[PDB]
Structures are given as C-alpha cells and as structure tokens.
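*Asks:*
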Amino acid sequence: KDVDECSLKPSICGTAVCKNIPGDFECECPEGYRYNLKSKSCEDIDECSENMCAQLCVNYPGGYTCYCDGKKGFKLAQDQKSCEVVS
Ligand SMILES: [Ca+2]
Ligand SMILES: [Ca+2]
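Residue 176 is where the sequence shown starts when you use mature numbering (1 follows the signal peptide of the UniProt record, and there is no 0), and the numbers rise one by one after that.
1. Return yes when the C-beta of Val178 is under 7 Å from any heavy atom of ligand 4, and no when it is not.
2. Going by other Cβ atoms of all chains shown within 10 Å of its Cβ, with 16 needed for buried, is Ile196 buried or exposed?
3. Have a look at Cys204, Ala229, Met227 and flag the residue whose alpha-carbon is nearest the alpha-carbon of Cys217.
4. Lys250 bridges to which residues according to DSSP?
5. Quick test of the definition: if touching needs 3 or more C-beta pairs under 8 Å, does the segment 252-262 touch the segment 227-235?
Printed below as a string of structure tokens:
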C-alpha cells in the first residue's frame, strides 16, 4: 500500500475490510458500499458525491444514476450517466 486507505476521506469504510489505493478503494460492504466506524454500519456508497454525475445524481442503494433536469431543466439520456434535453 501507500498511505491513507480507509481514512482518506471523512468516512470511507471505517477501515473495516477495504482495499484502498493511491486514489481509490474497495470494501466488504455490498457493492462499493461505504462503511463507517462511527456507526460501524454498512451503507450504500456516494458514487456521485465524488465526481461521476452531471447535474443530478440519483444514487440508488449500490448503483448510482446520473440525470440532470436542473439548472438547464431537461432530461437524462439513455446512457444513465450523461444528461440531454428533450422537447
Ligand atoms: Ca491510498
Ligand atoms: Ca449508492
């Protein structure tokens, strides 16, 4: 390893069973679920909190989703990551 694994961010995976890297990580938590040592509980991750979605990030338990219909006010393409407008 290198440095800062499950303590790189305010709350990664409560250093439970996570495999962190210079700029990423893994965990025993479902999917890429995030864990907390404060609560010592397992909870879905914030895949969008990082930098994956566009304007809107409906991050569901496990697999996030990136729509938009916000500032511009449109819709979410068929990619489920990028957003596009529609009339
Ligand atoms: Ca690291
Ligand atoms: Ca999630």
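Ideal Cβ placement from N, Cα and C applies to all residues, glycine included.
*Replies:* Taking the coordinates as given:
1. In the structure on display, ligand 4 does not appear, and the ligands it does have are ligand 1 and ligand 2.
2. exposed
3. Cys204
4. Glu259
5. yes
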